[PDB]
Each structure stands twice: as C-alpha cells, then as structure tokens.
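Since the structure comes first, as structure tokens, the remarks are kept for the end.
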Amino acid sequence: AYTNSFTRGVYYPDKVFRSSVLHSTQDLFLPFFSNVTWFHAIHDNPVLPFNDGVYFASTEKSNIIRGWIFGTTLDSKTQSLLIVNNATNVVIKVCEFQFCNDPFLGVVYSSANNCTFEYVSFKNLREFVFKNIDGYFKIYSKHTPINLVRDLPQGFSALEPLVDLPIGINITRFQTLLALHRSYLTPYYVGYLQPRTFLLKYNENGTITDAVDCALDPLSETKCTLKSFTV
Amino acid sequence: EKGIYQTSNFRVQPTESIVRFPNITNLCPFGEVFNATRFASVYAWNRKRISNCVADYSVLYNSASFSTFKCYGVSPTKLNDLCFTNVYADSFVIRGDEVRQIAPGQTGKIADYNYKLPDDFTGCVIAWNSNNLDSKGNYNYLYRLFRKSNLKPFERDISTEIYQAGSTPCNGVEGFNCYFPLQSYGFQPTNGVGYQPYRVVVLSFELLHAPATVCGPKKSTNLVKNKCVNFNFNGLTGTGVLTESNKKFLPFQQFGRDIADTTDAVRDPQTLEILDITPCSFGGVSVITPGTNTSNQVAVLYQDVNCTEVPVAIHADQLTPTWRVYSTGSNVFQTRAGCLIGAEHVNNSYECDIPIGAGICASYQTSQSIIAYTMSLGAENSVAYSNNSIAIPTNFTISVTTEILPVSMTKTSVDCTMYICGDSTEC
Amino acid sequence: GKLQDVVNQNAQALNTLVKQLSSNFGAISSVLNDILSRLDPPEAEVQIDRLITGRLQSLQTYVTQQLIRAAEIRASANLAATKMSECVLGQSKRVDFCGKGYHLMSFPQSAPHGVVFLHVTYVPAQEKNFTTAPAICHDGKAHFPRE
Amino acid sequence: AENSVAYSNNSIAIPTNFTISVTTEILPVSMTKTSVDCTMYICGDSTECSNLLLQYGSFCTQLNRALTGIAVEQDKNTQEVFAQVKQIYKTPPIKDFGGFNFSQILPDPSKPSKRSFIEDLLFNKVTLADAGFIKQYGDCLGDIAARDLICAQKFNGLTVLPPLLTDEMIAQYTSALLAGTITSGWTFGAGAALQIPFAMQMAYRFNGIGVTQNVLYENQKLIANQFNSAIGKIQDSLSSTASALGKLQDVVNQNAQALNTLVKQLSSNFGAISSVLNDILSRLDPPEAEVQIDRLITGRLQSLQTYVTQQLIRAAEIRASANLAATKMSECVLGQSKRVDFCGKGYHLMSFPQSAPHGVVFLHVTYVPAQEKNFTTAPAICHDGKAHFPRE
Amino acid sequence: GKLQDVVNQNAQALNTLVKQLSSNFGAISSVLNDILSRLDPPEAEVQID
Ligand SMILES: *[C@@H]1O[C@H](CO)[C@@H](O[C@@H]2O[C@H](CO)[C@@H](O)[C@H](O)[C@H]2NC(C)=O)[C@H](O)[C@H]1NC(C)=O
Ligand SMILES: *[C@@H]1O[C@H](CO)[C@@H](O[C@@H]2O[C@H](CO)[C@@H](O)[C@H](O)[C@H]2NC(C)=O)[C@H](O)[C@H]1NC(C)=O
Ligand SMILES: *[C@@H]1O[C@H](CO)[C@@H](O[C@@H]2O[C@H](CO)[C@@H](O)[C@H](O)[C@H]2NC(C)=O)[C@H](O)[C@H]1NC(C)=O
Ligand SMILES: *[C@@H]1O[C@H](CO)[C@@H](O[C@@H]2O[C@H](CO)[C@@H](O)[C@H](O)[C@H]2NC(C)=O)[C@H](O)[C@H]1NC(C)=O
Ligand SMILES: *[C@@H]1O[C@H](CO)[C@@H](O[C@@H]2O[C@H](CO)[C@@H](O)[C@H](O)[C@H]2NC(C)=O)[C@H](O)[C@H]1NC(C)=O
Ligand SMILES: *[C@@H]1O[C@H](CO)[C@@H](O)[C@H](O)[C@H]1NC(C)=O
Ligand SMILES: *[C@@H]1O[C@H](CO)[C@@H](O)[C@H](O)[C@H]1NC(C)=O
Ligand SMILES: *[C@@H]1O[C@H](CO)[C@@H](O)[C@H](O)[C@H]1NC(C)=O
Ligand SMILES: *[C@@H]1O[C@H](CO)[C@@H](O)[C@H](O)[C@H]1NC(C)=O
Ligand SMILES: *[C@@H]1O[C@H](CO)[C@@H](O)[C@H](O)[C@H]1NC(C)=O
Ligand SMILES: *[C@@H]1O[C@H](CO)[C@@H](O)[C@H](O)[C@H]1NC(C)=O
Ligand SMILES: *[C@@H]1O[C@H](CO)[C@@H](O)[C@H](O)[C@H]1NC(C)=O
Ligand SMILES: *[C@@H]1O[C@H](CO)[C@@H](O)[C@H](O)[C@H]1NC(C)=O
Ligand SMILES: *[C@@H]1O[C@H](CO)[C@@H](O)[C@H](O)[C@H]1NC(C)=O
C-alpha cells in the first residue's frame, strides 16, 4: 500500500559536462522520504493519474512488466500513447488505439488507427522517470543490481536519459500492462514528481554523487543557503 | 620612474575563422507553407513541425515581396549561421489593420481571443497582403468575437458554443443577451488598404539547448589546432585557442562549463572529438625599469608561466621583432613568481631595490646591466654566551633622529549641480 | 615622502574627477550644450539621463574614497597627539616609541600638513668583557647587590 | 561567580607562593594579494565590448590603482612586524640556560624548514580546504599533468600574487629575535647585544615587578620546572584537535567568500537577453546588440566596484591589527612592560614570538601570586614620640 | 555630545533611506501599483527596472 523512497529518483537535468562543482538546480523531482504506492497484481491493474510525472521502479524476475499506455479519454476521441517492447526492438505508437479495459500479451496487440509517427530502436533494479511537458516526452532510466529483501536501497543513483519524443498530448491517466498467458476480451512502485529545489554535487568524470533537497527540514535549508554539505 | 609596473594589453593579434556543422540531409519544406492556397483562419491555426533541414533564409527575405518582416530575438542577417533545435510554423489570413497585433504583449480581439504570442518570443513574423485569392465577397474566413476570459500564450481553442452575457440560460438555443461567436470577414476589391486580406506566417524556435537539427546553409572548414580563431560549433561561437582535450564526457553530453557559466570544452559535431577551449590575450605582464633618465633597458616578468612556454603563451610568432627579443634569449631566469627575461642572475645578496616577489629583487648595477638576486635579511652575528660572562659599556653617544607624521589634508567642496548639470535648467 | 604622498593622492583624485567629464557613457556626445541644440525634449531626455547616471556614479566613487582616506589621516593624527603628550611633555618608558635608544627628550617642529619630532636618545657604546657572579658568600651569608 | 572581599580597616592579605603562567595571543598581520584584469572580467576576449568600455572613461585604471595599493600595503605590513632588527643572531650550541628548556621554540635543523616544533603545529591548523577560488587557484600546481596550463588565463582575470618574504625568511627573522632575547636580554633592542647569563636576566625581570631578586635564586629550580611544564601544556593543547587559530581562519574565509561572489556574478544577465556575451553577438546586429551589451557592461562594472570598496575597508582593519602587532613586538619582546594586560594577564616577565600563516603568535610569561594569608597591619609605628614609616 | 552624535547620525541615515522611496528615478511614478495599471508588460517592465 505505502512505503518509503529514501533518496530515490535523481536524474540528470541537462547534457552539460560539469566537474568538481556544487550546482543548484530547480526542476520536477520526486521529494525525499515520500510515500510511494507499491503494487502487485494478485487477486491488480488500476488506472493512476499523471499529475506532473511518474517515478516508476519495479522488481523483475522473468520479463513480466513490459510497457505502459498513456491515455486521456480512452474512447477513441482523444489520442494516447503506447510504449511496448517484445525483445526485438522497443516500439512506440501514438495511434488512437482499440483500448479495451484490460490489455494482455499473446505469449501481438497492435492496431493501426490514424497514427502520427512511430519510433523503432529480486535481482536487478530498473527504474524510470516519465515527464511530459506538452512539446516533448522525456524518459530516464538506470540499471543497477539489488540484493535486498523487499525495498529500495539507500544508495545514490543518477538516471541518465534514453529518448525524447516530440509529442504534445495531454496525459491525465496512465496504465501499465504485465505478462499474461491468458487471452481475454473482458468487458511495481509509483510516485509523483513535484517542483523542488535540489543541490547536486559533481565530481570529476562528471557524476552526481549526492544531492541535497531544500524543503525537507530546517537543516536542509542551512545546507542549501550555505552551498555546503557541512555546517 | 624606477619600479615595476603591470601593463594592460596593447599587443596586436590577427585571427582567422572556423565553421563546423553536422551532416543534415535535405532542403527544407518552405515551398509548402508560403505557396499553399488552402490557408486557415485565426480561430483554428495549423502548427507544422520542422526538423532536419538545411534552410536558406536569405532567399526569402530578399527574393520575395513582403510587407513587414519583423524578427524578435534574432536578427535577419544572422539567421544563416545558427541552429534552431525545433522550428514551428503557423499560418492564417486576416485583415491588415490588425497585423500590428502579431507581436508580443499586444491587445485586441485577434490578440485576446485568437492568437497570443508569449512575451519572451523568439522568432520572426512575415506578412504580405492578398487581393486575389483571399477575396473575390469571400466568406471563407472566421474570427472569434466573444469569450469569457482571455487566452494564454500559444493556445488555441475551437468551441462553437453560444456566448451569454445577461440573465438568460442559453443552452443550444440563441436569444437575448446571447450571441454566436464565429462571424466572418467581408473581403472585396471594392475597397482600399486597411480592410484588404493579408497573409501572415509566424516562425518560432528555441536557441537554448539541444542537439541541433535545423541548421543554416553553411559549409564546414578545417581545425587549425592551437591558434586563436573565431570558432563556430553548432552555432555556439567564441574566440580563442583550441586545445586537444582528454576529458571524460558521457554519451549525451555536448560541452563543458566552469563555475561562471562559460564554455571551456566542446564536442566537434562531425569527428566526435572533445577539445579544450582557453582564452588568448595574456595580460599578465609586468615591466621592471630604472628611471627613464637613467637607461632604456627593461626586464619583463611573465606571471606564473614556466620559461619554455613563454613563446607559446604570449603568441610570440605574431608580434613585432622588438617584442620577440623578450620572449627568449640569453637572460632567462625562472622564479616562483614567473619567468624573468632580460636580467641576469648573480649569486651575491644585497638589500632589496625593486621587489619582484618570493624573495627575488632587481637592481641597476655594474657596461650597466640589470641584475637579479636573492635578497639578504642582514648581517650574520653571534653572541658570546656563557654562564658567567657579562658585557658592560664604557662610553656612550647622543643620538638625534627624525620622525614625520601627517596630521591634516586639504578641504575640498563640490557643488553637485554645477558638476553634473552645469549652468543648465533642463538638467 | 610621507607628507608628499598625501598631496599627490589628493591631486590625482581631483584630476581623475575632472577628466571623467569628457566621457559620454553611451550618449551621442559628452557635451550637454550639444544635445540641447540638436534635439527636442522628448528625445534629448534619454541622452541627458545617461549622462546624469554616469556623472552621479563618478561623484559617488570620489566621495567614498575620500571618506576612506580621511579615516586613515584621523588615525595618524591620533598617534601624533599621543606622541606630543608622551614624548615632548614627559619621558617615555615604552620601547621604540620615541626613537631608537633610551629616550631622553623630544622637540617638535612644524611641517606642511604634518609634524616632525626630533628624539634625543642615549645609545651605549664601547663594551668590555668581565666575569660575573649572582651573589657573594662572606660569613656563611649570601650577599646580593642593591642596584 | 559571586565573591566578597573581607574588607576590614586593619586587615591585609599577602601571597606566600606563586605560579609561572604561559598564555597565547594571536594577531592577523597580512592578507591575500589579488589583482583583477578589468577588461578580461568585463568584456573577456571580445573586441566589440572593448570599444564600448572606452565610453565609460578610466574606471579600469582607477580600480587597478586601488588594488595595487592594497597589495603593496600587505608587504609593508609584514616588514613592520618582523624586520625589527638588522642583525641575524644565532644561539650557541651549549644550552646552559640555568635549567630552562627552550627546545620546542627554537629552530630544528633536521627538517627542511627553519621552523620550530610549535611553528610546525601552527602551520597545520589553518586550512584552505573549504575556500573555493583560492584553493583551486592553488591547484594550478599539477606539476606535469597538463603541459600548457597558463593558470592566469583560466579564472576570468582574477589572480593571486605571491608575498615578497617567503615563509623561511619570516622563520629566520623570528629565529634571530628569539636568539637575541635569550642570549642578551633587552640590550639588543637599544644598541649592540651585550651578553648576560639567563638567571641574572630573570633576576632583573623579577626586580621589574616588585619582587626582590633573592626570591628567584632561592626558588630557581621550581621556577624552571614550572616554566618547562607550561610550555608543555601549550604544545599538548595545540597538538590536539581543539582548533585555536580562529582569528586567522576568519580572514581567509572572508577573502574566499568575497572572491566566490565575484566569480558567481558572471552569470547574472542584469536585464539582457543572456548572460553569455557570445550569444548576444551571434544573434543580433551591432546597433541592437549595443543595447544588451551596455546592460551587461553596467552590471559587471557595479560588481567589480563593490568588490574593491569592501576590500579597501577590510585592508584598513588588517592595517590597524598589524600596527598593534608591531607595538607588541617592540614593547613585549624587546623590553619589559608595565602597562596592565598589554602583554598577558599578571605581572609581565618576558615574551617570545612565533610565526603563523599571515600572522604572529606571542607567548607571554607572567607572574601570578598564589596562596594568600591574613595578617593585621598598621600604617606607621610609634617608638620615641616619632612616627616611623617603612621604606619599601 | 559624543554619545548623542552617534544616535543622531544613525537616525538621519535611516530617515534618508526611507525617504528615498518617493523618488521615481526617471520612471513615470514611484508606486509599483500605478505602473502596472497604466502600461502593458512589454514596456511596463522597463519602468520597474
Ligand atoms: C487534456 O485533457 C483533459 C482531460 O480530457 C482536458 O480537460 C477536460 O476536457 C473536457 C473535454 O471533454 C472538458 O469537458 C473538461 O471540462 C476539462 N476539464 C477541466 C477544464 O477541468 C483538457 O482540457 C485537455 N487539454 C487540452 C489542451 O486540450
Ligand atoms: C667616548 O667617546 C668620545 C667620542 O664620542 C671620545 O671623545 C673623543 O676622544 C678623542 C681622543 O682624544 C678626541 O680626539 C676627540 O676629539 C673626542 N671627541 C669629542 C667629541 O670630544 C671620548 O674620549 C670617549 N671616552 C672614553 C673614555 O673612551
Ligand atoms: C609552592 O607551590 C609549589 C607547587 O607549584 C609547591 O611544590 C610542591 O611541593 C609538594 C611537596 O613539597 C610536592 O608534592 C609537589 O609535587 C610540588 N609541586 C611542584 C610543581 O613541584 C611548593 O611546595 C609551594 N611552596 C610552599 C612554600 O608551600
Ligand atoms: C627539553 O624538552 C624536550 C621536550 O620534552 C626534551 O626532549 C625529549 O626528551 C624525551 C625524554 O628525555 C625524549 O624521549 C624525546 O625524544 C625528546 N625529544 C622530543 C620530544 O622531540 C629534552 O630532552 C629537554 N631538554 C633537556 C636538557 O632536558
Ligand atoms: C581573612 O579573615 C576573614 C575574616 O574571618 C575571612 O573571611 C571569612 O572567613 C570565614 C572563615 O574563617 C569564612 O567562612 C567566610 O566565608 C569568610 N568571608 C566572609 C566575608 O566572612 C577570610 O577568609 C580570611 N582569609 C583567608 C585567606 O582565610
Ligand atoms: C506517509 O506514511 C506514513 C506512515 O508510514 C505517515 O506517518 C505519513 O504521515 C505519510 N505522509 C507523509 C510522509 O507525507
Ligand atoms: C483520423 O482523424 C480523423 C479526423 O478527425 C477522424 O475522423 C478519424 O476517426 C481518425 N481515425 C482513427 C481514429 O482511426
Ligand atoms: C573517474 O574515472 C577514473 C578513470 O576511469 C576512475 O578511476 C575513478 O574511479 C572515477 N571516479 C569515481 C568517483 O568513480
Ligand atoms: C510560391 O511563392 C514564391 C514566393 O515565395 C513564388 O516565387 C512562386 O512563384 C510561388 N508559386 C506559385 C505556384 O504561386
Ligand atoms: C559528415 O560527412 C563527412 C564527410 O565530409 C564525414 O567525414 C563525417 O564523418 C560525417 N559525419 C557524420 C555522418 O556524423
Ligand atoms: C635622474 O634625475 C635625478 C634627479 O636630479 C638625478 O639625481 C639622477 O642622477 C638622474 N639619473 C641619472 C642616471 O643621472
Ligand atoms: C618547465 O618545463 C620543463 C619542461 O617540461 C620542466 O622540465 C620544468 O620542470 C618546468 N619548470 C618547473 C619550475 O617545473
Ligand atoms: C652562480 O653560482 C652557480 C653555482 O654556484 C654558477 O654555476 C654560476 O655560474 C654563478 N653565476 C654567477 C653570475 O656568479
Ligand atoms: C668577549 O669574549 C668573546 C669570547 O672570545 C669574544 O668573542 C668577544 O669579542 C669579547 N668581547 C670584547 C668586547 O672583547
């Protein structure tokens, strides 16, 4: 239902090389010590809003969670966005899809209805950040292997970008789709990003090693206005 | 007068010019949006995204007949040199008494209810009238007249509801205090200038940060490797030496920054090579001299520079031959303050005459040369200490010395109004 | 030289302030009588305000440095008043305050914008080696010297 | 803590023992000598900004003159404290100083430096680690790591100039002052150094505070052991992590903060379209680029002017502090002083100097009374119809 | 008088700082609520500057 995300979701905000500096940035981050919702499809898949972004992380064993749909009305009036993969290339359709109430896999679901454009390209942790200003669609990622009992580690993990898509769609809901062998036509962690002000620490090779967020407690404001990690 | 003087930069230097660009595929679709007879009207405009173009802007502001060409963050002559990261195009047709409203922060019904440029707009607005195709009374062109509130920048909203003002529910049926927004234009050749139909294209781009996709029609040049140029990488311009870098970027990173938001390294857009950027003036020069009534010999100190890179630091190969005498020679001395050229180093020690720094002094001393030495602190001495010996004095002197102390200074007075605005009343 | 540097610095500051009246600070001229004989008051005002801004900044810089220099002349005159009371009106024991040596007396003289002190001191000379002892034992008693 | 003196009108208290006390005093003497290339800060390498900076007259000449005055004042500040004597005395090899042990403050010939043990401890408690521009300008000593590093072309015009006297030269000056005071007393500050054995000098200095000189000769080993213990307490306190050079660290902190602010002000745009001057020139024609370049010029000139004014006000206070340090070297180390609390706390006996980074440390040796007792007292004594008063 | 001069000199400087708010420095007025209600923010920005 609810768990903690300790220092979790830090991504690169640009493509600029900085070394041995203490930069201060302001963007849409997932705030520290927040309450993320941890789902498991036992009995499911609800639909979840898309406020300013979604920090997505999951616990993979055998290629179960594959992709997400990003809808707004879901009655084939307004466009949406489908991002799936089938171990050959990731495929991104921006069509007005045949949206049923539960997706699945034929272990093949791909319609052709007025598509704008297409793109073709507890062991391991695979986290993702999706943020969508109207004009772009940015996806960040990071791969690292974890060996803990249930939860997220307390180490620091910079999330490098992979693609950026010029889209321009209002996205008000989103819904994932995981591996089903059944084929029906029946009639993972989610956290939301907020505008915060972070203090990032670059070293040589250009790597952000630890960050300070400002709005957490008073000692955080002391560290930010001193531009320091020690007080 | 005798001393040591920091001197500003008066040395002349010539430079060359470099241009680099990526390999972009094909010429740009500008034959579409300026020739298309099927234009829209302002209440529903069309956004066309442009990418991977080599767009020659200069054959359209010169080789065309346009009424008003107004660029807002850029200049028209510089458009051929830049790269724009994303370009949009917007086309409609309206009356030419309101072409002043395609501008930032303007007001009026076309600006309040149809099309709103933001206040920090960067792009161009191009207009030229029509009296053949957008007239005949041609009734193909709408514009909204009523709205509950103003529009936000770069927004469009088509809703053919009916607009109520007073105390009557008007849902689907018209009536009193209730209107229909989309009332059209009347365009006739029975008119003069002012009500004639005009075409308007608005281009908007972003010059800030991405890999570049739309560029200009300019062709590349070589890389001239440790010489001051006017370089141009993807549109980001500068001036200085291009040093070979060994930095460790990431696959997405394109350039580097120091503290002060300046650019100190960059990626070449063709050969994918990282190369360092460094300024070139070298205004860290000091000149040691005795008086000019004494000699015209000088020595030159180059601040925190090792003595072998003095010709490369000051760009000695491009100076006058009366400067290049001081870039190397017989008298070359390396101190911890820098490289001292023009004074020869001796092994005695004297009191300080001209302070150079870090224990080194200089003097004019026997032909007459300039010598450099380590300064002495005084005469070495030793007291004859034992546990039962004393020294008592037997005579004395009477000494008279002199101390000078400043007590006051001059009392001045300034009439502000006569200094600033002297004997004038408009000031 | 200490007295001559005060005169030199004050003259240099006044000459810099006079030479700053030939800058235009971005206007069309530095002359206020030529803006007001080529332009009409909506357009002349934009250039006159640039000249006003630059000249105010020049005057403000001059006055700030004059205050900082006057604080230093004040601190020097306080030391001169302490030396007039302690070396001319008395005999000082503070080492190296009224010359080098043991202080006997001082005499003042008047200088332009300043004062000169002539310190008279006693300097010992022509020393000799002896043997010494801290005390003397005579009848089983130690004896020490009075002075 | 509250206290009440037992005041009667015929009661006195006299001390029966004493204490030798050694305390420490730290004073700042100089600061860092910087210089700015005004054209490289404002208009750096652009020959279109340079011709528009010539319309503001002589502001860069006027700023460079004030900074050059500050940087020359800093060398004069060190000369007035440490170059008091023009003879360089040495101390003799046999250290028969009557039981007193000056080993931790005299120079050690083993190390490359001419420093003592206590000066070595002092040269590690002042650090530059969290001091942004000055530490990373000091990191242009990569020694091979890049063949062509002109570290004056890397910090937008800001540099650091070296002092005139090195640290070994200041250590030589304090070595000579210590050897002169130990071997001759107060005589080398008035003339030529006339030697005297050390216990006789301590007897003179006991006479200077009102104690007769048989007290020293009778308690000589006790006095020497108390001195040797107080010097060990100083050394053991400084070899701890109790960082005691705070007054010297504050000067470096203020200077580094003031230079970091000036480097960071090069990213404000002050009303222009951009803070990068190479984006205004590659996007606009000269009659319109003139408008934004004048805004950047005016803002950057104001940033430099604020830096120079606060540097002048800081330099005036370092000058006052160095004048105080020079008076203390004349009156505490070259003589014995009677001014109360000027050279320690207690009755002053002698002082020793040690060099610190941009400063000086004085070790004051004072006499403190201890272990008092109560007596009855009288102003005079009547014997033969005459009043008798005590001589001293 | 020496203790009174300090209080007088400090009170003058605070009075001069407060009275410098009724100056317009070449704008149309010295009130920020009356620059916004009489211009449009293309050129209501250069009076506030
Ligand atoms: C993006 O989608 C959202 C949700 O579909 C839109 O918000 C609502 O749109 C419906 C249209 O059927 C209106 O009836 C509602 O009143 C809207 N909700 C409000 C105003 O709170 C949103 O307008 C869309 N954005 C754009 C730019 O089209
Ligand atoms: C002390 O010094 C003074 C000089 O400062 C000596 O006086 C000189 O003595 C010589 C020897 O006859 C004369 O030729 C000079 O004319 C004397 N000078 C003056 C100014 O009178 C004096 O003799 C010295 N006293 C002792 C005891 O050595
Ligand atoms: C004055 O004080 C000193 C201490 O500073 C006394 O010396 C101590 O004497 C006792 C016994 O004689 C020893 O146990 C201590 O170790 C001594 N201390 C030191 C530091 O040596 C001295 O006795 C006192 N004098 C008088 C007259 O009481
Ligand atoms: C003067 O004091 C020093 C410092 O305490 C003495 O030097 C140390 O003496 C101890 C014991 O004799 C040795 O173990 C150390 O190696 C010495 N050197 C150090 C700490 O650097 C010195 O012996 C004293 N002098 C006299 C004459 O007693
Ligand atoms: C000197 O004599 C006075 C008078 O008795 C002492 O003062 C008091 O002494 C008693 C005990 O003798 C204490 O309980 C009180 O606290 C003392 N103070 C007062 C204000 O009554 C004084 O202590 C004596 N001096 C010494 C060194 O013993
Ligand atoms: C998050 O959940 C915890 C319970 O584990 C609760 O105490 C807290 O109020 C929640 N909200 C926060 C941290 O905003
Ligand atoms: C494609 O767009 C047209 C235009 O509105 C629409 O009528 C049609 O339904 C769309 N095709 C789909 C959604 O398959
Ligand atoms: C930076 O790169 C070097 C060279 O690959 C590497 O040795 C070093 O560990 C890296 N830094 C960090 C913090 O990993
Ligand atoms: C299209 O417009 C261009 C001017 O931009 C003109 O030269 C050309 O003749 C036009 N073509 C047609 C078919 O009108
Ligand atoms: C661009 O073309 C040149 C040929 O002149 C080639 O050397 C270079 O590698 C190309 N760059 C690319 C394809 O990114
Ligand atoms: C320079 O002028 C001074 C002033 O009179 C004079 O004393 C000096 O001798 C001159 N220098 C030489 C080398 O003659
Ligand atoms: C100057 O450069 C030469 C060549 O590398 C080097 O041998 C020398 O050590 C350098 N000078 C100093 C002071 O390091
Ligand atoms: C100085 O001394 C060095 C070594 O002692 C010697 O090689 C050099 O020639 C000397 N130069 C002069 C000018 O005395
Ligand atoms: C005193 O004796 C020492 C020891 O030889 C000697 O060096 C010194 O010159 C003597 N002083 C005088 C004044 O003769």
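The residue numbers of chain D are those assigned by Swiss-Prot, with the residues present covering 701-1092 sequentially.
For this deposited structure, the header notes the method as electron microscopy, 2.9 Å.
Cβ atoms are placed via backbone N, Cα and C, with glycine included.
Of all ranges given (D:750-771, D:816-837, D:1014-1035, D:1058-1079), Swiss-Prot attaches the label region 'Fusion peptide 1' to D:816-837. Annotation: no recorded positions among D:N717, D:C743, D:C840, D:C1043, D:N1074 have CA atoms within 10 angstroms of the CA of D:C760 (disulfide bond). Checking the recorded positions D:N709, D:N717, D:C743, D:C851, D:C1043, D:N1074 against ligand 5, the ones whose Cβ sits under 6 Å from it are D:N1074.
The separation of D:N709 (N-linked glycosylation site) from D:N801 (N-linked glycosylation site), Cα to Cα, is 45 Å.
Within the same chain, residues at least six positions away from D:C738 (disulfide bond) with a Cβ under 8 Å of its Cβ are D:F759, D:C760, D:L763, D:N764, D:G857, D:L1004. Comparing C-alpha positions, D:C851 (disulfide bond) sits nearest to D:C743 among the recorded positions D:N717, D:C743, D:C749, D:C1043, D:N1074. Secondary structure at D:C743 (disulfide bond), as computed by DSSP, is helix. Here the Cα atom of D:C749 (disulfide bond) is found 29 Å from that of D:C840 (disulfide bond). Secondary structure from DSSP puts D:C1043 (disulfide bond) in coil. In this structure, the C-alpha atom of D:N1074 (N-linked glycosylation site) lies 13 angstrom from that of D:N709 (N-linked glycosylation site). For D:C743 (disulfide bond) paired with D:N709 (N-linked glycosylation site), the C-alpha to C-alpha distance reads 81 Å. Per-site Cβ counts within 10 Å over the disulfide-bonded residues D:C743, D:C760, D:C840, D:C1043 peak at D:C1043.
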